[PDB]
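Below you'll find only one chain, the form deposited in one PDB entry, shown as structure tokens.
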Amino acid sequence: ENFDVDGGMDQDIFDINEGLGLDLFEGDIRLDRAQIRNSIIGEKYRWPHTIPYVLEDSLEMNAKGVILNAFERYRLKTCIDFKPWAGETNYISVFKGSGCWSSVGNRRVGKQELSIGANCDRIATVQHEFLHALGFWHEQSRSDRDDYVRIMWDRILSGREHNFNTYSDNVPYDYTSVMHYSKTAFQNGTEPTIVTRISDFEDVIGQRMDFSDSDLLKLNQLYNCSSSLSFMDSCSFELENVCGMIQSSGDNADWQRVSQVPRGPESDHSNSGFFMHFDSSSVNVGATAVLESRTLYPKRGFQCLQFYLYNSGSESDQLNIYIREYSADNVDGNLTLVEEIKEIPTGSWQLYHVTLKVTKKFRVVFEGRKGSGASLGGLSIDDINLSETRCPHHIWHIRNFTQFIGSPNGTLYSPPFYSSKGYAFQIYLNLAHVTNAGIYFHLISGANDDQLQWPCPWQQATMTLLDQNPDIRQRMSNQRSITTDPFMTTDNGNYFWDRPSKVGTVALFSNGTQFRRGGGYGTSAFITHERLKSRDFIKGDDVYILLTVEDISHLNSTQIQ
């Protein structure tokens, strides 16, 4: 009884628009009057660094949330920002048209339409359409494209051959571009229409996870970006000056930059390769050592500190996180304990997220502490990232992951979680299919159910398969969102998102306690197993699914200004 938003298919932008018969340039580009196809966009047809926008009322509620999520990716990785339209002469009007499409560049026409239609509410689709708005074309149309890919003309659907035309017009050809067609673009049959000449990229082309490194380089070079709104720092200890961090102790303890520890880890997490290590084996009980960042300058007032930790020491050792915030009244700073990380499981790298709310210049202080008893190792930290973003609400850590890919036993249910509004939920990850991974959001019976609004109204669940790249700026995480529509009905006439005790099926927790699970809402095409096995989604055989469930009923109201 699960609901698949993708209807048992894996349709890209180009499959959605083809199925509607839109006949746009290269499937999703709306050419302007006398605009030259695949031509250089001049300075006059560019947006300012901050783009005014309107999210029109025709947009689906899930689409509005997804678009705002896309803006947060631009704010982390570029110096492009977006602001609600306040009367500027030109702005982007995002609306529910037929299919997903955009003009290429700032056409200087005042209100400029960008369509995010039905089935276009995917963050990378939004990112792709806004790259068109910013002035970018597709990658496979480059004049040198035949040196990198082969077009299988006999496999293209009759009358769709013109979508592969090249014109007359530097960064290397980018197979990973979010602006590249997939190998199945306009195919007639089961055989690919685009074959990469380098066999390694056959299943890479057509990625729809995030911007590629080359997509970002081109955009950041165009807008002269030297910073972003929400990136703060990334440290993997790869250089001897360790990103300006300063280690100290009053206890004959220290943090050492090492490539290995005899008791563990045998190597860094980044994966020659270095990490910081607090030895607890040869210091006295209660000895501490602090590793302090250089001074950082926040622009937003909320932050997410994240890092990987390895414990080869004792159950009694701990890592304390402090913030030292500086203000005019106290130049030595105000030191505050923000997190105590205790009883760290031994023998594996583990990801931690710490929520911060610092508004003044500050330093992050990592304090390793030796606890009671004996130790043969210590605490190791690597891949520290800091951004002015919200921490995920919940994190589902799946260990020994690879054994489940394409396997009949690959039907995984997350631990139960409580959303911000108090709804209890569970995630279902289906890895049993031969080619695609599926992901579904379920409401479950919870302690607050008697006082909650039913059917569940406009909660947006964002599920992110983390790309565990050492640098937050280089992660191409695979993210999908769904929104609970309180008017959605089942085949039997009941409300899909009603109270699980009323419409749910019986299930058991790992401990054997019975509960009610509502219908699952999600997609059978979350990611292909081939892409799931690429980049750093799996690292040390661990997978992380980040989860945020929030009320988006405030997005219903007309955008006024």
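C-alpha atoms forming the largest set that superposes within 1.5 Å between two forms make up the rigid core. So that there is no doubt, residue numbering starts at 1 and follows the sequence shown.
Quick note: we don't show the form solved in complex with a small molecule, though the next part is all about it.
When contacts are judged by a 4.5 Å heavy atom cut-off, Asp279 does not count as touching the small molecule in the deposited complex. Although the partner is absent from this view, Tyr91 stays clear of the small molecule in the deposited complex, with no non-hydrogen atom inside 4.5 angstroms. Interface residue remark: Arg160 is counted as part of the site for the small molecule in the deposited complex, having a heavy atom within 4.5 Å. Taking the partner from the other structure, the small molecule in the deposited complex has no heavy atom within 4.5 Å of any heavy atom of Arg475.
Here the chain stands alone, but in the deposited complex its contact with the small molecule, taken as any heavy atom within 4.5 Å, falls in 130-138 among 378-386, 305-313, 465-473, 130-138. Only one of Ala185, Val364, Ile123, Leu431 comes within 4.5 Å of the small molecule in the deposited complex through a heavy atom, and that residue is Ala185. A heavy atom within 4.5 Å of the small molecule in the deposited complex is found for one listed residue only; from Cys100, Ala289, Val149, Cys456, this is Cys100.
Only one of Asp471, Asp81, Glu161, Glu325 has its Cα shifted by 2 Å or more between this form and the one not shown after fitting on the core, and that residue is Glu161. Positional change of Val195 between this form and the one not shown reaches 2 Å or more at the C-alpha, relative to the superposed core.
Core-superposed comparison between this form and the one not shown: CA of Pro416 displaced by less than 2 Å. With the core held fixed between this form and the one not shown, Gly373 has its Cα displaced by at least 2 Å.
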